[PDB]
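Q: Sequence lines, in order, name chains SX, SC, Ln, SR, SV, Sa, SA and SW.
When you line the first sequence up against the authors' numbering, it's residues 2 to 97, in that order.
When you line the second sequence up against the authors' numbering, it's residues 34 to 250, in that order.
When you line the third sequence up against the authors' numbering, it's residues 1 to 25, in that order.
When you line the fourth sequence up against the authors' numbering, it's residues 2 to 89, 96 to 122, in that order.
When you line the fifth sequence up against the authors' numbering, it's residues 1 to 87, in that order.
When you line the sixth sequence up against the authors' numbering, it's residues 2 to 98, in that order.
When you line the seventh sequence up against the authors' numbering, it's residues 2 to 207, in that order.
When you line the eighth sequence up against the authors' numbering, it's residues 2 to 130, in that order.
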Amino acid sequence: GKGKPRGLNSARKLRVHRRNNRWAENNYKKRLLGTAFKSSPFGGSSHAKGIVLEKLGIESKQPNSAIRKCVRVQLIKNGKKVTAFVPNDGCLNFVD
Amino acid sequence: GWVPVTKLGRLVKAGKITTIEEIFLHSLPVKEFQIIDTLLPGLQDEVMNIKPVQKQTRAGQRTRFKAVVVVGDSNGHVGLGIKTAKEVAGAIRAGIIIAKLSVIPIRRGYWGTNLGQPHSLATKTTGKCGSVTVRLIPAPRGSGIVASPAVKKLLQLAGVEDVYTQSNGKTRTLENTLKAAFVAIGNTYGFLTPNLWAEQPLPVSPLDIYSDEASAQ
Amino acid sequence: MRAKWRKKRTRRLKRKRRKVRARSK
Amino acid sequence: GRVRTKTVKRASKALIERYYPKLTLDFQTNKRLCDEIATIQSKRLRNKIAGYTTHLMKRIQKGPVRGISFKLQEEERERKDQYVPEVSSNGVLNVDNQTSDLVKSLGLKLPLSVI
Amino acid sequence: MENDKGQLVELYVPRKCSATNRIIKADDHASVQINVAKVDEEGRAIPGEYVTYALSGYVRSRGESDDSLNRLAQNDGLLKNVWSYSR
Amino acid sequence: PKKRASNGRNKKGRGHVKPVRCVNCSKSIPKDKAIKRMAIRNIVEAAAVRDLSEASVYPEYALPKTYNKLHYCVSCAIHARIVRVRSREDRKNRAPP
Amino acid sequence: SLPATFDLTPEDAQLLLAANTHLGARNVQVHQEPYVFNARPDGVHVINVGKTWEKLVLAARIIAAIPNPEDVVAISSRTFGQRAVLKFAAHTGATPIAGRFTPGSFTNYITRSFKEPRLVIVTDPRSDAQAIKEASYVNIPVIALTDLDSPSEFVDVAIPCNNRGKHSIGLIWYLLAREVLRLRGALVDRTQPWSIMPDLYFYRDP
Amino acid sequence: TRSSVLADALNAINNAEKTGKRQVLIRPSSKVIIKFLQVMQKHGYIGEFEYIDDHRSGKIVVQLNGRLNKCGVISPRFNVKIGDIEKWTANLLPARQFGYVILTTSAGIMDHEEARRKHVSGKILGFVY
RNA sequence: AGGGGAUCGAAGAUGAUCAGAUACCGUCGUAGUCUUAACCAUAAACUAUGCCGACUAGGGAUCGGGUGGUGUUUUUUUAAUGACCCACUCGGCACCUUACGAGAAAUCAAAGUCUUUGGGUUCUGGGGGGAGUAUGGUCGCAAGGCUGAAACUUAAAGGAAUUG
Ligand SMILES: [Zn+2]
Numbered sequence: 002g003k004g005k006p007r008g009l010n011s012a013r014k015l016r017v018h019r020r021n022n023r024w025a026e027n028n029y030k031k032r033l034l035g036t037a038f039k040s041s042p043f044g045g046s047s048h049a050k051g052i053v054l055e056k057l058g059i060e061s062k063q064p065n066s067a068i069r070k071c072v073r074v075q076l077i078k079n080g081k082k083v084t085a086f087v088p089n090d091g092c093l094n095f096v097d
Numbered sequence: 034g035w036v037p038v039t040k041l042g043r044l045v046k047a048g049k050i051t052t053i054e055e056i057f058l059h060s061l062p063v064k065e066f067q068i069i070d071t072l073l074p075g076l077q078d079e080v081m082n083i084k085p086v087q088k089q090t091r092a093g094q095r096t097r098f099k100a101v102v103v104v105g106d107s108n109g110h111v112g113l114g115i116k117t118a119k120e121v122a123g124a125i126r127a128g129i130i131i132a133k134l135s136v137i138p139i140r141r142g143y144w145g146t147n148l149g150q151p152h153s154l155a156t157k158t159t160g161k162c163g164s165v166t167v168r169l170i171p172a173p174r175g176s177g178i179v180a181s182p183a184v185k186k187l188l189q190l191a192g193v194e195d196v197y198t199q200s201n202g203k204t205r206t207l208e209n210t211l212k213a214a215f216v217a218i219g220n221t222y223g224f225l226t227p228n229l230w231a232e233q234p235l236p237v238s239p240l241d242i243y244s245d246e247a248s249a250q
Numbered sequence: 001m002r003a004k005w006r007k008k009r010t011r012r013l014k015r016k017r018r019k020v021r022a023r024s025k
Numbered sequence: 002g003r004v005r006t007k008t009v010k011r012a013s014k015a016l017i018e019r020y021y022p023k024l025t026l027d028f029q030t031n032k033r034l035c036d037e038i039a040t041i042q043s044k045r046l047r048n049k050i051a052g053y054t055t056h057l058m059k060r061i062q063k064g065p066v067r068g069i070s071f072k073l074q075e076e077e078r079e080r081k082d083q084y085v086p087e088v089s096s097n098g099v100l101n102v103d104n105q106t107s108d109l110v111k112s113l114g115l116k117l118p119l120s121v122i
Numbered sequence: 001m002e003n004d005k006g007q008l009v010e011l012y013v014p015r016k017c018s019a020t021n022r023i024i025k026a027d028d029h030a031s032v033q034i035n036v037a038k039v040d041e042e043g044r045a046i047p048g049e050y051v052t053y054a055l056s057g058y059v060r061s062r063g064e065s066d067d068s069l070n071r072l073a074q075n076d077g078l079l080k081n082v083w084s085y086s087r
Numbered sequence: 002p003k004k005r006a007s008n009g010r011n012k013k014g015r016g017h018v019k020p021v022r023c024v025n026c027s028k029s030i031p032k033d034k035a036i037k038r039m040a041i042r043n044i045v046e047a048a049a050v051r052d053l054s055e056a057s058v059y060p061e062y063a064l065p066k067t068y069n070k071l072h073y074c075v076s077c078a079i080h081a082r083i084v085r086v087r088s089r090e091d092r093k094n095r096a097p098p
Numbered sequence: 002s003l004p005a006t007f008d009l010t011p012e013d014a015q016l017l018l019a020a021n022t023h024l025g026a027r028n029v030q031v032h033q034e035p036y037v038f039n040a041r042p043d044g045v046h047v048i049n050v051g052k053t054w055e056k057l058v059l060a061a062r063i064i065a066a067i068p069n070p071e072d073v074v075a076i077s078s079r080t081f082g083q084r085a086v087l088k089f090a091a092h093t094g095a096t097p098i099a100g101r102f103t104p105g106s107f108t109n110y111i112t113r114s115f116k117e118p119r120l121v122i123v124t125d126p127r128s129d130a131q132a133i134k135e136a137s138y139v140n141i142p143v144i145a146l147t148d149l150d151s152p153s154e155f156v157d158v159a160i161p162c163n164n165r166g167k168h169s170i171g172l173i174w175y176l177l178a179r180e181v182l183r184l185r186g187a188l189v190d191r192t193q194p195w196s197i198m199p200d201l202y203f204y205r206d207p
Numbered sequence: 002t003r004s005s006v007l008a009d010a011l012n013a014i015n016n017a018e019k020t021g022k023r024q025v026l027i028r029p030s031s032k033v034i035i036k037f038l039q040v041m042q043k044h045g046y047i048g049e050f051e052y053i054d055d056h057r058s059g060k061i062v063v064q065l066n067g068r069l070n071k072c073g074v075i076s077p078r079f080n081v082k083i084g085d086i087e088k089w090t091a092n093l094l095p096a097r098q099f100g101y102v103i104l105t106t107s108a109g110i111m112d113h114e115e116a117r118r119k120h121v122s123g124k125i126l127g128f129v130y
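(1) Residues of chain SW with CB under 7 angstroms from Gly-8/SX, in chain order?
(2) Consult DSSP for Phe-38/SA and reduce its assignment to one of helix, strand or coil.
(3) State yes or no: is the C-beta of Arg-79/SA within less than 7 angstroms of the C-beta of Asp-148/SA?
(4) Since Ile-218/SC meets chain SV, which of its residues come closer than 7 angstroms, beta carbon to beta carbon?
(5) Could you tell me the alpha carbon to alpha carbon distance between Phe-7/SA and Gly-171/SA, rounded to whole angstroms?
(6) So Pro-118/SA packs on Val-73/SA, CB below 8 angstroms; how close in whole Å?
(7) Name the one or two DSSP bridge partners that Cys-71/SX has.
(8) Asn-97/SR versus chain SA: which residues are under 7 angstroms apart at the beta carbon?
(9) Could you check whether the Cβ of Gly-93/SC sits closer than 7 angstroms to any Cβ belonging to chain SV?
(10) Under 8 angstroms, with one C-beta from each stretch per pair, do the stretch 120-127 of chain SW and the stretch 101-110 of chain SW reach the 3-pair mark?
(11) Are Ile-141/SA and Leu-57/SA close, meaning C-beta to C-beta below 7 angstroms?
(12) Which ranges does the beta strand (DSSP E) cover as unbroken runs of at least 3 residues, wholly within the stretch 115-187 of chain SC, from first to last along the chain?
(13) Cα separation between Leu-38/SW and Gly-73/SW?
(14) So does the stretch 202-210 of chain SC actually touch the stretch 116-123 of chain SC, counting three or more Cβ pairs closer than 8 angstroms?
(15) Quick one: is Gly-67/SW near chain SV, going by C-beta distance under 7 angstroms?
(16) Check the Cβ of residue 13/SC against every Cβ in chain SA and list those closer than 7 angstroms, keeping chain order.
(17) Within the same chain, show all residues whose beta-carbon is closer than 6 angstroms to that of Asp-157/SA, passing over the 5 residues directly before and after it, in chain order.
(18) Can at least three beta-carbon pairs, one atom from the stretch 149-159 of chain SC and one from the stretch 219-228 of chain SC, be found at a separation below 8 angstroms?
(19) Quickly, what does DSSP pair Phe-98/SC with across the bridge? List them, please.
(20) Counting C-beta neighbours from all protein chains within 10 Å, is the total for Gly-149/SC 16 or more, i.e. buried, or is it exposed?
(21) On a Cα-Cα basis, can you pick out the residue from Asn-11/Sa, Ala-96/Sa and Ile-41/Sa that is closest to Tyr-68/Sa?
(22) I'd like the span of the alpha helix (DSSP H) that includes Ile-110/SW, first residue to last.
(23) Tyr-58/SV touches chain SW at which residues, Cβ-Cβ below 8 angstroms?
(24) Contact between the stretch 123-138 of chain SC and the stretch 96-104 of chain SC is defined here as three or more beta-carbon pairs at a separation below 8 angstroms; is this criterion met?
(25) Run down chain SW in chain order and give the residues with a C-beta less than 9 angstroms from the C-beta of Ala-155/SC.
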C-alpha cells in the first residue's frame, strides 16, 4: 500500500514524483523561478541604494493607530520607486 | 495521623508489605495515596504546567486551573497527575496526590554490553496520547537526555540517563506530551524480551498470604 | 458570494472578454 | 401542594423503623409520642412529621412499603422464607429423548422415559 | 537482566500470563490470578495449597478466559474431559 | 460531518431511484427518501357511523374504507409533525412506536 | 487428580435432569460450543450436564481456598436468584448483593456498600454486566452461572445451566453451596448426602 | 494478486500472535517460508511448523509459543552490503542485543549474526523480534 | 436538422403581498420536457472512502446458486413436483453489539494488521485569497471542456467536539 511505488526498479518514478511536487513547495518554486531577479524590487541583493524622492507619512493599520513617517525612494540600479519605512524616533527629521 | 481504609492500606500500615516492587509485581490497585507516602520516602515532585480552562456560563466566565504535575523518587518510579481546581494551590496539591496514586515502574536497560547499573532504556518504545507520539530510543553512556524540556525533566525524574527521543504531532500541548511519554515508560515493561523468556513459579499474592492481617477490625 | 453564482459571474465575464478580444482583430 | 419534604419524610420513615410497636394509628397519640420521643424544634414541623407518620402507618397496616422494614417485618419475612414444601417421583424421570441419549452416553442408571 | 559481574538488576521480574505467556503489566487492572484448591484424599481441600494461574486482561476481555482455564486445568489435571484439543 | 450513517435515507447499492412528489408541497424528493405513511380510514367516521347505520338500508351491510399511500418531503414532514427532531443517541432507532 | 469419589453421582444427575438444567438457549455463542452437547430438534440445545458438574466442582475448588471465606461476594439481580443467594450467603460467608448493585461498590472506597472481595459469583452475566465491569476495574476473578447465549466477556470460569428456569438457577446455587461446604467446610463423608433441600433455594411466588 | 507469499505468511503470523492465537494456518508455502520459519525456530521465536503437503503448493501450521513480538518483511529485497547491515539493524530493530535481521545470502537464508560471522551479505529479507 | 408537441415550464406577460418585490404565492405561456440522426463531456457524476490480494470478532436477517433431512402443506390416496422449514455452504447489497485496534474527534470490521513504520500499483494535496483567474496550447458548431501561472496581499483560513 502506502500509495507510492515500492518495486526495486521504480527509482525513475520516485525521482519524477519528487521533481513534480517540489513545485508545489513554496520556497523552492521561488528559488528556481528566480523571482529575486526577474521581478523583485531589489535585484535579489541584501541591500540597495536609493535617492529620496518624497516623504510620506502613512497611517498604520487597525487596530493600531499612528503615522509611520517613511520615505518614498527610487532605486539607483533598477528604477523601481519603492517606499522605505524609517527607523527609530526622529530619523525622518534626519532624512531630507 | 493517617489511618488505612482498604485491605492493601491495612497491610502497608502494618508493615507486612514494604515494596512497590511487590505491589506492581502483583498489579495491586493503589487506592490510597498514603501507602506510597510510606513506601517511597524521598519522593520529589515537579509541577510541569498551570493553565486556565474556562467554561462560558449564563452571565460570567467560570475559570478554573488545570495543573499537570509529575512525581518520582529518582530511581525507576514515576507518576503523573492532572487536576482541575478553582485555585492553583489546591490544584497542585490534588495533582500531587493523583500523581502519587499513578506512580508506575520503569525498566532501565543497556545500550550494549552490561556494565555497572543500567543507564538507558531497554528497547525503543513509543506512546501516543491523542496525536502526540513520543518515541524513546536507547543511547550510549555519556549521551545524556536529549528531549524537550518537559519530557527531559520527566525522564530525569524517572532516572533514565541516556535516551534519544523522537517526537511527532502537536507536541505543544504539554498535557498530551507528558501523557504520551508516560504511556511510553509503561510500555517499557510492556515489552517482552529474550531475557524474560524464562519461567517463574507465579508468586502467591500477599493479600492471600496475610489475609488475616487483611480482614476488618 | 455563493460559489455557483460567482462561477456564473466569471462565466459572463469570460464571454465578454472573448467578445472584446475578438472585436480587436 | 402539600408535598412534604425530605426532612419530614426521612424522619418519619426512621421513627417508624425504630418505634413501630409503640407508635399507634391515631394522629393525636402519634403526635404526643413524637413530642416526648423526639428533639424537634417546632410544633409545626412536629405536626407535619406526625401526620406523615400516621399516613405511613395506615399504608403499612394495609401492606408492605418499598422503603422501610421493622424488626417485626424482618421476623415474619425470615419465617416466610424458611418455609419449605416436599421437594421436586411419579415413577421414572420425565420426558427426555436427546438428553436421554446424553445420559446413556454419560453412563448413568437414571430411571427415565421417552418423549 | 544481569550486569557485567553476573549480578541481577531490573528491580523486579514481571509475572507472565498463563494463557498466552505475555507480560502482565503493573497497570493491567484486568489481570486476574485464579488459585484453585489442591484436594487431598476424601475431599477436605487442604488449606494453604494453591495450583496458581495468572490470566491476563487481554484474554479475559476478549472473552477466552474460560477457554484458557479449561485448557490449563485439564493440562494440570484439574479436570477430566471438559476441553477438547481439536474443536 | 456526517449526521447520519445511512446518508439521510437508504440507497446502498442502486445509484439512482425514481423520485415521487410530496403531497403537501409537491416537491420532487427521491423515493428512498420521502417519509411514507399509510392512511387507512373509514369514509364515515364514528362521528357519523351510528348516524349512517340508523338511516341506512341493507341492514348491517359493511363499511368501506379509504386507503392512501402518502409520500412526504422532509420539510413538510417535520412541519406537519409526522416526524420530529430526535436526540443524537435516539436518531439510531428505527422501530416504529 | 480429583479422586473417583467426585464423579457426576447419578443421584445428583437425577436432580439436574429433573430440575431441567440440561436445556440451553437456541443461540450458541461459539465461545460455548464446547459446553453444548447436542442440538435438540425443534430448536433447543442440550447442555452437557457432565461438563456442568465438572465445572461446578472446579468453581467450588476456587470458592474454597479463600482464607477469610466471608470475602467471597455473590451478586444476583434477577428475581429467581435472590433467595438462592440469600441462603447461599447464610451458609458460607459469601456477602450477598441481592437486588441492585449500587455501582462503584468495588471502587469508591468511601461508599457504605464498599466491599473489597477477592472473588465474585454472578447469576446472570448479561444483567449483572455492571458488577462484571467493576470487577474488571479492580482486578477480581469471576465465577458465573452463564447461559449459552451469555456474554463471555470479562468472565472467568463459567457454569452453563439455564438462566431461564427457577429450578435450574436455585438448584445450581444449592449444589455449589454443598460442594464448597464439602470441600473442607464441615460436611465430612462426601458419600453421605445433605439434608438441606433445594426448595430452600427456590423462590416462591410468593 | 498474490505478490509476496512470504510477506503474506509473516503478516498472517503477526496477526495470529497479536490476536493471541497459539497456531496459524499459512497458505501457500514456499522454500523461503520454510527457511524463514527455520531461522525463527532456531532462535526460539516459534515452536513447531507442520507442512501439510497437498499437491498444489502446500500449507503450513505453525504452533507458536508467544514470545514473538513482531515479525515482518522488508520489501523490496534491497541489496545490503556488509557495511550497511549495521544501518539496517539500527533502523528496524529495538535494541542492539536482541532481535534479528534476516538476509538472503548466497550461503542460504540466515540471520544477521550468522551473516556477520560467515562474512557474507546480499538481499535483505525481513526481521524478527 | 426532422418528427411530435398531452402535461409541467426557464424567458416573458399579469394578479396580489411589500417601503420596494425585477422573487416566494396565483392565472397564462415561448424554448424545453418525448423520439430519430449527430454533438457536447461536466454534476454534492458521493460510499465526499482508487483497483488487486492476505489475515484479524462475534450475531441475526435477506437475494442468487448448491448439498442433506424414514421434515410441512399440497395433487387425489399422497410418490413426483412446486412452495415452506431445519443444518450447512459459495458470491452478493447491507445490517446489530463490542473496541481487540485506528483516529483530532465525529466515528470505522474497514478509515484495522502505521514509530513494534515496507504486499503490488495508479492519480492527487503542500496556509488562505488572487484563482480554476490571465495567457498560450488543444478539442467543440457554440455554450464550453482539458491544461494552467504569476504580480500582489494576508495570520490566519479550516475540521471535530464541549460550555454558553
Ligand atoms: Zn413536501
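Here a beta-carbon is modelled for each residue, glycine too, at the ideal position from N, C-alpha and C.
A: With the given structure in hand:
(1) In the first sequence, residue 8/SX corresponds to position 7, counting from 1. Correct list: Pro-77.
(2) Mapped onto the seventh sequence, residue 38/SA falls at position 37. Correct three-state label for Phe-38/SA: strand.
(3) Position 78 of the seventh sequence holds residue 79/SA. Position 147 of the seventh sequence holds residue 148/SA. Cβ atoms of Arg-79/SA and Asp-148/SA: not closer than 7 angstroms.
(4) Within the second sequence, residue 218/SC is the residue found at index 185, counting from 1. What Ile-218/SC touches in chain SV: nothing, since even the nearest Cβ is about 11 angstroms away.
(5) The residue you call residue 7/SA lines up with position 6 of the seventh sequence. The residue you call residue 171/SA lines up with position 170 of the seventh sequence. Approximately 21 angstroms between the Cα atoms of the pair.
(6) For the purposes of this step, residue 118/SA is taken as residue 117 along the seventh sequence, with counting starting at 1. For the purposes of this step, residue 73/SA is taken as residue 72 along the seventh sequence, with counting starting at 1. That pair is a contact at about 6 angstroms.
(7) Taking the first residue of the first sequence as 1, we reach residue 71/SX at position 70. Paired residue(s): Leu-57/SX and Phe-86/SX.
(8) Within the fourth sequence, the letter at position 90 stands for residue 97/SR. What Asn-97/SR touches in chain SA: nothing, since even the nearest Cβ is about 10 angstroms away.
(9) As a position in the second sequence, residue 93/SC is number 60, starting the count at 1. It does not; no Cβ of chain SV falls within 7 angstroms.
(10) Because the criterion of three Cβ pairs below 8 angstroms is met, the stretch 120-127 of chain SW and the stretch 101-110 of chain SW touch.
(11) Reading the seventh sequence from its first residue, position 140 is the one you call residue 141/SA. Reading the seventh sequence from its first residue, position 56 is the one you call residue 57/SA. No.
(12) 158-161 and 165-171
(13) The residue labelled residue 38/SW in the question sits at position 37 within the eighth sequence. The residue labelled residue 73/SW in the question sits at position 72 within the eighth sequence. A direct Cα-to-Cα measurement between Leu-38/SW and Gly-73/SW gives close to 12 angstroms.
(14) Contact fails between the stretch 202-210 of chain SC and the stretch 116-123 of chain SC, because fewer than three Cβ pairs, one in each stretch, are under 8 angstroms apart.
(15) Taking the eighth sequence and counting its residues from 1, the one referred to as residue 67/SW is at position 66. So yes, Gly-67/SW belongs to the interface.
(16) Limits of chain SC in this structure are 34 at one end and 250 at the other, which puts residue 13/SC out of reach.
(17) The count along the seventh sequence starts at 1 and reaches residue 157/SA at position 156. So the qualifying residues of the chain are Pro-142 and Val-143.
(18) yes
(19) As a working mapping, residue 98/SC is identified with position 65 in the second sequence. In the DSSP output, where bridge partners are listed per residue, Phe-98/SC has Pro-85/SC and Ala-118/SC.
(20) Looking up residue 149/SC in the second sequence gives position 116. Counting Cβ neighbours within 10 Å, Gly-149/SC comes out exposed, since fewer than 16 surround it.
(21) Taking the first residue of the sixth sequence as 1, we reach residue 68/Sa at position 67. When each option's Cα is compared against that of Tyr-68/Sa, the closest is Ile-41/Sa.
(22) As a first step, residue 110/SW is located in the eighth sequence; it is residue number 109 there, counting from the start. No alpha helix (DSSP H) holds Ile-110/SW; the beta strand (DSSP E) holding it covers 109-112.
(23) Residue numbering aside, residue 58/SV sits at position 58 when the fifth sequence is read from its first letter. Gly-21, listed in chain order.
(24) yes
(25) Against the second sequence, residue 155/SC aligns to sequence position 122. Those are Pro-95 and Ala-96, listed as they occur along chain SW.
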